[PDB]
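The amino acid sequence is not available; the structure is as follows:
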């Protein structure tokens, strides 16, 4: 009995190597669930492999959703 988490679908263009639990690991061709967008550009969401939450370099992932309206 609680609200759910709504995020945007993404894809890890390349594999990432997080040197801290805080950072979320990524794999070339992996689905990512972005939640918030960092000013600099980074993204903060959850992975689809380890179901973990953290921060990763958006430069490695990309918006698979496609052409959306905002």
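All right, it came through fine. Residues are numbered from 1 along each chain as shown.

host element of residue 32?
Per DSSP states H and E: residue 32 is located in strand 30-37.

typo on my end, residue 21
Going by DSSP H and E, residue 21 is not in any helix or strand.

Equivalent analysis for residue 19, please.
Using DSSP H and E, residue 19 sits in no helix or strand.

ok, now how distant is it from residue 45?
19 Å (CB to CB, to the nearest Å). Heads up, the C-betas are built off the backbone N, CA and C, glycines and all.

Who has more neighbours out of those two?
Between residue 19 and residue 45, counting by other CB atoms under 10 Å, residue 45 is the more crowded of the two (23 against 6).

Let me see the contact set for that one.
Residues near residue 45 by CB atoms under 8 Å, 6 or more residues apart in numbering: 7-8, 10, 24, 32-36, 53.

if I read this right, residue 36 contacts residue 42, doesn't it?
No: in this structure, residue 36 is not within contact of residue 42 by CB atoms under 8 Å, at 9.4 Å.

Between those two, tell me which one has more neighbours.
Higher neighbour count among residue 36 and residue 42: residue 42, with 16 against 10, using other CB under 10 Å.

Leaving out chain neighbours, which residue sits closest to the more buried one?
Beyond its immediate neighbours in the sequence, the residue positioned closest to residue 42 (CB to CB, 6 or more residues apart in numbering) is residue 58, lying 5.4 Å away.
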